[PDB]
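Asks: my_file-v3.cif is reproduced in full below (mmCIF, N, CA and C atoms).
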```
data_entry
#
loop_
_atom_site.group_PDB
_atom_site.id
_atom_site.type_symbol
_atom_site.label_atom_id
_atom_site.label_comp_id
_atom_site.auth_asym_id
_atom_site.auth_seq_id
_atom_site.Cartn_x
_atom_site.Cartn_y
_atom_site.Cartn_z
ATOM 1 N N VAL A 1 76.440 118.579 -113.966
ATOM 2 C CA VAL A 1 77.344 119.536 -113.298
ATOM 3 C C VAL A 1 78.685 118.826 -113.220
ATOM 4 N N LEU A 2 78.991 118.177 -112.091
ATOM 5 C CA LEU A 2 79.633 116.878 -112.165
ATOM 6 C C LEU A 2 78.626 115.885 -112.769
ATOM 7 N N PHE A 3 79.106 114.709 -113.193
ATOM 8 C CA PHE A 3 78.266 113.672 -113.795
ATOM 9 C C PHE A 3 78.019 112.486 -112.854
ATOM 10 N N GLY A 4 78.735 112.405 -111.726
ATOM 11 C CA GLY A 4 78.734 111.238 -110.843
ATOM 12 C C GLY A 4 77.323 110.816 -110.427
ATOM 13 N N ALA A 5 76.505 111.774 -109.988
ATOM 14 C CA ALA A 5 75.121 111.576 -109.574
ATOM 15 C C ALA A 5 74.167 111.386 -110.760
ATOM 16 N N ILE A 6 74.551 111.805 -111.973
ATOM 17 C CA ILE A 6 73.763 111.630 -113.199
ATOM 18 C C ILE A 6 73.816 110.169 -113.681
ATOM 19 N N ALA A 7 74.677 109.380 -113.043
ATOM 20 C CA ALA A 7 74.677 107.928 -113.009
ATOM 21 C C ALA A 7 74.240 107.444 -111.621
ATOM 22 N N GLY A 8 74.750 108.041 -110.532
ATOM 23 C CA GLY A 8 74.501 107.565 -109.176
ATOM 24 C C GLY A 8 73.013 107.493 -108.825
ATOM 25 N N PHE A 9 72.213 108.471 -109.264
ATOM 26 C CA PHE A 9 70.769 108.486 -109.053
ATOM 27 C C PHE A 9 70.057 107.403 -109.874
ATOM 28 N N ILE A 10 70.630 106.981 -111.006
ATOM 29 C CA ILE A 10 70.069 105.932 -111.856
ATOM 30 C C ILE A 10 70.319 104.570 -111.196
ATOM 31 N N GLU A 11 71.471 104.432 -110.535
ATOM 32 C CA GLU A 11 71.964 103.204 -109.932
ATOM 33 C C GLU A 11 71.239 103.000 -108.613
ATOM 34 N N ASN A 12 71.188 104.041 -107.769
ATOM 35 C CA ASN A 12 70.303 104.074 -106.605
ATOM 36 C C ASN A 12 68.828 104.044 -107.025
ATOM 37 N N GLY A 13 68.527 104.293 -108.306
ATOM 38 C CA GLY A 13 67.183 104.126 -108.845
ATOM 39 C C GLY A 13 66.879 102.646 -109.072
ATOM 40 N N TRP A 14 67.739 101.980 -109.847
ATOM 41 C CA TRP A 14 67.653 100.573 -110.206
ATOM 42 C C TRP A 14 67.758 99.715 -108.950
ATOM 43 N N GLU A 15 68.864 99.847 -108.214
ATOM 44 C CA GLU A 15 69.093 99.151 -106.948
ATOM 45 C C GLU A 15 68.378 99.846 -105.777
ATOM 46 N N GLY A 16 67.330 100.600 -106.102
ATOM 47 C CA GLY A 16 66.282 101.000 -105.184
ATOM 48 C C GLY A 16 65.095 100.038 -105.251
ATOM 49 N N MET A 17 64.951 99.256 -106.337
ATOM 50 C CA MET A 17 63.819 98.356 -106.544
ATOM 51 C C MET A 17 64.111 97.303 -107.620
ATOM 52 N N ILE A 18 65.136 96.483 -107.377
ATOM 53 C CA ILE A 18 65.234 95.190 -108.056
ATOM 54 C C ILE A 18 64.131 94.323 -107.453
ATOM 55 N N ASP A 19 64.259 93.959 -106.172
ATOM 56 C CA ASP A 19 63.167 93.302 -105.469
ATOM 57 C C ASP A 19 61.960 94.242 -105.436
ATOM 58 N N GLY A 20 60.769 93.660 -105.553
ATOM 59 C CA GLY A 20 59.493 94.356 -105.641
ATOM 60 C C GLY A 20 59.259 95.067 -106.981
#
```
What does this structure look like when you write it as C-alpha coordinates?
Replies:
Amino acid sequence: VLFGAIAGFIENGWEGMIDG
(Lines of atoms letter the chains of each structure in order from A and count residues from 1; the text may use other names and numbers.)
(Lines give C-alpha, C1' and ligand atoms only; values in the text may rest on other atoms or scores of the structure.)
Protein backbone atom coordinates (compact mmCIF):
# COMPACT_ATOMS: atom_id res chain seq x y z
CA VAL A 1 0.00 0.00 0.00
CA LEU A 2 2.57 2.21 1.44
CA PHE A 3 5.75 0.04 1.56
CA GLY A 4 7.11 1.14 4.99
CA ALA A 5 5.58 -1.82 6.91
CA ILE A 6 6.43 -4.24 4.01
CA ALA A 7 9.96 -3.74 5.36
CA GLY A 8 8.99 -2.73 8.95
CA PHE A 9 7.28 -6.10 9.65
CA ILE A 10 10.39 -7.94 8.31
CA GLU A 11 12.68 -5.86 10.58
CA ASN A 12 10.42 -6.27 13.63
CA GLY A 13 10.41 -9.91 12.41
CA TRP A 14 14.23 -10.30 12.43
CA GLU A 15 14.78 -8.07 15.51
CA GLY A 16 11.87 -9.95 17.08
CA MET A 17 14.20 -13.00 17.50
CA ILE A 18 17.92 -12.51 17.01
CA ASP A 19 18.34 -13.85 20.55
CA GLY A 20 16.61 -17.25 20.93
Asks: Which parts of chain A does DSSP call helix (DSSP H, G or I) when run on the backbone here, written out as a ChimeraX atom specification?
Replies: /A:4-14
Asks: Any idea what the distance is between atom C of residue 4 of chain A and atom C of residue 16 of chain A?
Replies: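 Between these atoms lies a distance of 17.1 Å.
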Asks: What does the distance between atom N of residue 19 of chain A and atom CA of residue 2 of chain A come to in Å, to one decimal place?
Replies: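 Between atom N of residue 19 of chain A and atom CA of residue 2 of chain A the gap works out to 28.2 Å.
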Asks: Rounded to one decimal in Å, what is the spacing between atom N of residue 6 of chain A and atom C of residue 18 of chain A?
Replies: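 Between these atoms lies a distance of 20.8 Å.
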